[PDB]
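Heads up: the structure comes next, in structure tokens.
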Amino acid sequence: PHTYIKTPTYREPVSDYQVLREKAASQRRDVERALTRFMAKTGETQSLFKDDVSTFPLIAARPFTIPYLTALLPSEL
Amino acid sequence: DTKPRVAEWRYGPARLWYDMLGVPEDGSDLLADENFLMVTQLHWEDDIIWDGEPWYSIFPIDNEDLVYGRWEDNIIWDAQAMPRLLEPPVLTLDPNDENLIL
Amino acid sequence: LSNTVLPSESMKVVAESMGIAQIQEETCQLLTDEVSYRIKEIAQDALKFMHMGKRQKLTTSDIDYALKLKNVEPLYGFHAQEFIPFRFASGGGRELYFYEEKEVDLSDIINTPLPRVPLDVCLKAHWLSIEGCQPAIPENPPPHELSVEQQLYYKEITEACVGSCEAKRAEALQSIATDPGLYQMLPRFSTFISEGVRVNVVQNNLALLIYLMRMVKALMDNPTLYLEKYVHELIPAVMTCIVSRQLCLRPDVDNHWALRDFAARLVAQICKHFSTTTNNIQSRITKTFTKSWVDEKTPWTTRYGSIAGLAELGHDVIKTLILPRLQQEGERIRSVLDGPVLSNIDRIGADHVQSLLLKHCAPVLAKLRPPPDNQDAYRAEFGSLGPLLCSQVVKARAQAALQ
Amino acid sequence: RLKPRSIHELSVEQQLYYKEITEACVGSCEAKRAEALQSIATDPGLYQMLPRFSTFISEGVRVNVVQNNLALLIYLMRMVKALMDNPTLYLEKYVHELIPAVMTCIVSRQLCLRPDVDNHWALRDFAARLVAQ
């Protein structure tokens with residue numbers, strides 16, 4: 001079978017709960033790190049250390065005009 | 001035929017373009033084969049190394065659309081005189097690609 | 001379209017409420033074109049009390065004012081607050097609909113809660129428009145799915161590359177180029193880029209196309225994500241930025257020319273990194289560029305794009321594609337040194353094509369000719385390509401001296 | 001919407017020969033080497049597997065001259081010679097990978113012991129110059 005057999009093959013599926021938990025965890029951590037570094041670089045920034053923007057940038061605290069609306073209200077519903 | 005564009009989603013990826021457009025809801029002899037063989041089109045000399053210093057697939061599976069499809073039919077040669085009418089494509093999340101959780 | 005009447009089988013049913021056993025079909029046709037004629041004369045005379053008494057609703061007191069007008073006796077009991085109920089009866093072969101009327105004890109109408117007393121008609125004055133627009137008084141009218149983290153990241157990154165400011169764009173492109181986990185958001189970026197390059201046909205925006213090509217160039221520089229599964233979408237977008245003819249809103253002043261050589265460098269990179277013998281990316285890109293260049297009737301912009309891509313592919317491509325059609329330069333200089341219409345837009349595109357052609361064919365002439373090159377320009381087409389080749393040999397000598 | 005799970009353009013079985021012929025052509029046993037060789041020189045259905053053979057040759061010589069492993073190279077050059085005399089397959093789509101591999105066998109320095117196998121090295125350059133012309 002090779003001269004004539006023509007049975008298809010598939011790609012190796014990764015059904016492992018350990019590596020799926022690791023993949024989803026690391027992708028979520030990387031996308032939230034990329035998002036927070038992008039938002040701290042393109043805005044007002046604070047720093048725990050003197051002149052520290054490259055490592056650990058903090059998005060600066062802005063005051064709200066009505067703070068209970070952004071505190072108490074649910075965003076996913 | 002004139003192409004004025006058509007949009008069917010306004011809610012998936014490219015929603016920003018759809019909103020900017022304002023499409024509401026779902027409403028809408030040098031051509032000889034040898035010339036193109038890569039022996040005659042590639043500086044393969046640079047490769048020569050001088051003084052250098054199966055039940056599941058063994059090989060990877062290629063993009064069937066790139067390998068087989070005529071993507072050349074999505075090139076817009078003339079904006080006004082577009083031979084066919086292009087339609088909005090929905091996101092198709094291919095699961096053959098690894099690095100995608102689902 | 002046609003004269004619509006009540007059905008003739010609705011008069012056989014009515015004639016059996018009377019007691020008439022057999023009624024022939026010519027009598028039933030004689031009945032239904034008269035009763036549907038008298039319906040249309042009270043439908044249109046009820047509409048004369050709906051219009052003259054300004055109501056636009058056609059209440060049941062409009063039909064009762066029209067039956068009073070046609071002398072026919074009124075229909076009693078249609079002013080009470082009712083609706084349209086019907087009750088289906090299946091039966092053993094007799095299909096019909098009826099009312100299913102209900103009863104009520106008489107002391108429960110003597111002891112109903114009375115509605116509230118009505119008010120009398122009074123007048124009220126208010127300004128509708130005061131020398132202009134309406135006032136804002138209350139008498140007027142008032143006027144697989146991305147997680148939220150990466151949904152927010154997708155929104156911020158895509159809206160940073162639409163053109164509000166340049167610094168946020170540079171940080172967004174430096175995010176796309178240098179983040180480790182941007183998979184699961186690659187299909188969204190590919191769809192965004194390809195649809196956005198398509199939206200150039202509705203609005204010929206050069207700037208947003210330059211931004212999308214810098215988005216593709218940033219996506220290519222990411223070491224972590226592999227664009228092999230999504231390159232079939234990004235190839236025709238860059239191809240559309242190369243070989244389309246109107247890349248500009250004002251064709252004469254917009255430098256569509258740079259989005260041409262930038263996207264040509266981009267497609268040379270996209271077929272250096274991804275062309276495999278199973279893919280046939282580079283051969284299929286050269287074939288599209290070649291049959292767009294050799295074929296006449298093509299505009300000078302799309303010929304510029306074809307020559308730019310073919311000349312960014314490499315040296316052997318311009319040896320075996322560009323150099324046979326160097327006589328085409330004569331067909332170009334037909335419309336440059338001697339044009340009946342000088343003030344058209346063909347001249348700037350033609351001498352742009354000329355400048356690109358002789359710039360890219362000068363090292364090819366420096367590779368496959370003698371070192372002297374005395375009258376190679378005269379032997380060349382128009383004698384200019386040869387001057388450029390002499391300049392190229394001089395530049396090569398200068399580079400050797402620098403080395 | 002998820003696009004269907006694609007299949008490789010080779011049978012699951014198809015992958016195996018690729019595997020038996022390549023594991024025989026690295027020359028652990030000489031009669032095997034030959035059995036594989038016989039196959040490569042006259043299999044009519046060896047097209048549509050030829051990208052994977054050309055890539056295995058090319059990639060092999062380049063990571064096989066990092067340490068100058070002469071047999072690994074003499075076996076790959078014999079695999080090239082067995083690929084060429086097959087009359088059915090169309091080779092000049094793949095010769096852009098084949099030619100810089102043979103030039104490297106002929107024009108390269110030998111990282112392993114300089115003398116002794118230089119006799120074979122001359123043949124490595126003899127087999128490479130034969131297939132080059």
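The numbers here are math on the coordinates, done by the rules we state, and not lab data. All Cβ positions, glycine included, derive from the backbone under ideal geometry; neighbour counts span all protein chains shown.
If you check C:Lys124 against the conditions, is it more than 30 Å from C:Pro143 (Cβ to Cβ), among the basic types (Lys, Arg) and out of contact with any helix residue (DSSP H, G or I) (no Cβ under 8 Å at 6 or more places or on another chain)? Show your work before the answer.
On the way: more than 30 Å from C:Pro143 (Cβ to Cβ): no; among the basic types (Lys, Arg): yes; out of contact with any helix residue (DSSP H, G or I) (no Cβ under 8 Å at 6 or more places or on another chain): yes.
Considered against the rule, which asks whether it is more than 30 Å from C:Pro143 (Cβ to Cβ), among the basic types (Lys, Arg) and out of contact with any helix residue (DSSP H, G or I) (no Cβ under 8 Å at 6 or more places or on another chain), C:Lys124 comes out as no.
Sort out for me the helices (runs of 4 or more DSSP H) sitting completely within the stretch C:135-214 that have 2 or more residues that are farther than 20 Å from B:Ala14 by Cβ. Break it down stepwise before answering.
Numbers: elements: C:148-160, C:166-177, C:186-198.
Hits in the stretch C:135-214: C:166-177.
Restricted to the stretch C:265-284, and to residues that are facing another protein chain (nearest Cβ under 9 Å) and either under 30 Å from the mean Cα position of the chain (by Cα) or β-branched (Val, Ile, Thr) (or both), which residue is farthest from B:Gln41 (Cα to Cα)? Even if it seems obvious, please write down each step before you answer.
If we filter the stretch C:265-284 for residues that are facing another protein chain (nearest Cβ under 9 Å), which is where we start, we get C:274-284.
Of the ones still in play, those that are also either under 30 Å from the mean Cα position of the chain (by Cα) or β-branched (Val, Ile, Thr) (or both) are C:276-278, C:281, C:284.
On the way: C:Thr276: 14, C:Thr277: 13, C:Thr278: 17, C:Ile281: 13, C:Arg284: 12 Å.
The residue in question is C:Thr278.
For residues that are charged (D, E, K, R) and surrounded by 13 or more Cβ atoms within 10 Å (Cβ to Cβ), scanning just the stretch D:110-128, find the one that is farthest from the other protein chains (Cβ to nearest Cβ).
Our first condition is that a residue be charged (D, E, K, R); within the stretch D:110-128, this holds for D:114, D:116, D:118, D:124-125.
After this cut, where a residue has to be surrounded by 13 or more Cβ atoms within 10 Å (Cβ to Cβ) as well, the list is D:118, D:124-125.
On the way: D:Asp118: 17, D:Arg124: 14, D:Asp125: 14 Å.
Among residues in the stretch D:110-128 that are charged (D, E, K, R) and surrounded by 13 or more Cβ atoms within 10 Å (Cβ to Cβ), the one farthest from the other protein chains (Cβ to nearest Cβ) is D:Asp118.
Quick check on my filter: what residues within the stretch B:37-86 are farther than 30 Å from D:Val65 by Cβ, more than 8 Å from chain D (Cβ to nearest Cβ) and either of a type in the set (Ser, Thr, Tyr) or not in a loop (DSSP other than H, G, I, E, B) (or both)?
B:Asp65, B:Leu66, B:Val67, B:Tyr68, B:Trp71, B:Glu72, B:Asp73, B:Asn74
Report the residue count in the stretch D:82-104 for those that are of a type outside the set (A, V, I, L, M), surrounded by fewer than 19 Cβ atoms within 10 Å (Cβ to Cβ) and more than 7 Å from every other protein chain (Cβ to nearest Cβ).
5
Table: residues versus (1) surrounded by fewer than 16 Cβ atoms within 10 Å (Cβ to Cβ); (2) aromatic (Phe, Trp, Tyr); (3) assigned to a helix (DSSP H, G or I); (4) touching a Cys at 6+ places or on another chain (Cβ under 9 Å).
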| position | (1), (2), (3), (4) |
| --- | --- |
| C:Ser306 | no, no, yes, no |
| C:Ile318 | no, no, yes, yes |
| C:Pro324 | yes, no, yes, no |
| C:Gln327 | yes, no, yes, no |
| C:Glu331 | yes, no, yes, no |
| C:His360 | no, no, yes, no |
| C:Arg369 | yes, no, no, no |
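Tell me which residues, restricted to the stretch C:222-252, are facing chain B (nearest Cβ under 7 Å) and among the β-branched types (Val, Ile, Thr).
Step one: of the stretch C:222-252, the residues facing chain B (nearest Cβ under 7 Å) are C:228-229, C:231-232, C:235-236, C:239-240, C:243-246.
Matches in the stretch C:222-252: C:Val231, C:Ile235, C:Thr240, C:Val243.
Any chance you could count how many residues in the stretch A:37-61 are basic (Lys, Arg) and under 25 Å from C:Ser147 (Cα atoms)?
So the first thing to find is which residues in the stretch A:37-61 are basic (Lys, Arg), and the list is A:37, A:41, A:50.
Among the residues that remain, those that are also under 25 Å from C:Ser147 (Cα atoms) are: A:37, A:41.
The number of residues fulfilling the criteria is 2.
Pick from the stretch C:170-205 the residues that are surrounded by fewer than 19 Cβ atoms within 10 Å (Cβ to Cβ) and either farther than 27 Å from A:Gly43 by Cα or aliphatic (A, V, I, L, M) (or both): which of them is farthest from the other protein chains (Cβ to nearest Cβ)?
Among those residues, the one meeting the criterion is C:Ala177.
Looking for something over 22 Å from B:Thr40 (Cα atoms) and part of a helix (DSSP H, G or I) - is there at least one such residue anywhere in the stretch D:82-97?
Taking every residue of the stretch D:82-97 in turn, at least one turns out to be over 22 Å from B:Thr40 (Cα atoms) and part of a helix (DSSP H, G or I).
Would you point out the residue of the stretch B:1-58, among those that are small (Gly, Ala, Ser) and in contact with a helix residue (DSSP H, G or I) (Cβ under 9 Å, 6 or more places away or on another chain), that is farthest from C:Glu145 (Cα to Cα)?
At the first step, the residues of the stretch B:1-58 found to be small (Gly, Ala, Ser) are B:7, B:12, B:14, B:22, B:27-28, B:32, B:52, B:57.
Going one step further and asking which of them are in contact with a helix residue (DSSP H, G or I) (Cβ under 9 Å, 6 or more places away or on another chain), we end up with B:7, B:12, B:14, B:52, B:57.
Details: B:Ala7: 21, B:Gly12: 10, B:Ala14: 15, B:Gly52: 48, B:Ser57: 29 Å.
Looking at residues that are small (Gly, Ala, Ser) and in contact with a helix residue (DSSP H, G or I) (Cβ under 9 Å, 6 or more places away or on another chain), I get B:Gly52.
Listed residues C:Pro113, C:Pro74; which is surrounded by 10 or more Cβ atoms within 10 Å (Cβ to Cβ) and more than 55 Å from the chain's Cα centre (by Cα)? Explain how you work it out, then say what you get.
Details: C:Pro113 fails: surrounded by 10 or more Cβ atoms within 10 Å (Cβ to Cβ).
After ruling out the rest, the residue left standing is C:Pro74.
I'm trying to understand the selection: among the residues of the stretch D:22-39, which are of a type outside the set (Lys, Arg), under 16 Å from D:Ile74 (Cα atoms) and assigned to a helix (DSSP H, G or I)?
Filtering the stretch D:22-39 down to residues of a type outside the set (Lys, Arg) leaves D:22-31, D:34-39.
From what is left, the residues that are under 16 Å from D:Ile74 (Cα atoms) are D:22-31, D:34, D:36-37.
Result: D:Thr22, D:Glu23, D:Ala24, D:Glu30, D:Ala31, D:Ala34, D:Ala36, D:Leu37.
Within the stretch B:92-102, how many residues turn out to be surrounded by fewer than 18 Cβ atoms within 10 Å (Cβ to Cβ), within 7 Å of chain D (Cβ to nearest Cβ) and on the phi < 0 side of the Ramachandran plot?
2
Can we say C:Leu219 is closer than 27 Å to C:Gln184 by Cβ and either within 12 Å of chain B (Cβ to nearest Cβ) or not hydrophobic (A, V, I, L, M, F, W, C) (or both)? First the steps, then the outcome.
Details: closer than 27 Å to C:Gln184 by Cβ: yes; either within 12 Å of chain B (Cβ to nearest Cβ) or not hydrophobic (A, V, I, L, M, F, W, C) (or both): no.
No, not satisfied.
Within the bounds of the stretch B:9-26, is there any residue that is facing another protein chain (nearest Cβ under 8 Å) and surrounded by fewer than 12 Cβ atoms within 10 Å (Cβ to Cβ)?
Looking for residues that are facing another protein chain (nearest Cβ under 8 Å) and surrounded by fewer than 12 Cβ atoms within 10 Å (Cβ to Cβ), one finds none in the stretch B:9-26, hence no.
Suppose the filter is outside any loop (DSSP other than H, G, I, E, B), within 14 Å of chain C (Cβ to nearest Cβ) and either of a type in the set (A, V, I, L, M, F, W, C) or within 22 Å of the chain's Cα centre (by Cα) (or both); does A:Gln27 pass it?
Details: outside any loop (DSSP other than H, G, I, E, B): yes; within 14 Å of chain C (Cβ to nearest Cβ): yes; either of a type in the set (A, V, I, L, M, F, W, C) or within 22 Å of the chain's Cα centre (by Cα) (or both): yes.
So A:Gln27 passes the test.
Taking the residues in the stretch B:34-79 that are crowded, with 17+ Cβ neighbours inside 10 Å and either among the small types (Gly, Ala, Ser) or in contact with a strand residue (DSSP E or B) (Cβ under 6 Å, 6 or more places away or on another chain) (or both) as candidates, determine which candidate is nearest to C:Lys367 (Cα to Cα).
If we take residues in the stretch B:34-79 being crowded, with 17+ Cβ neighbours inside 10 Å and either among the small types (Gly, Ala, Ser) or in contact with a strand residue (DSSP E or B) (Cβ under 6 Å, 6 or more places away or on another chain) (or both), then B:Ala79 is nearest to C:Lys367 (Cα to Cα).
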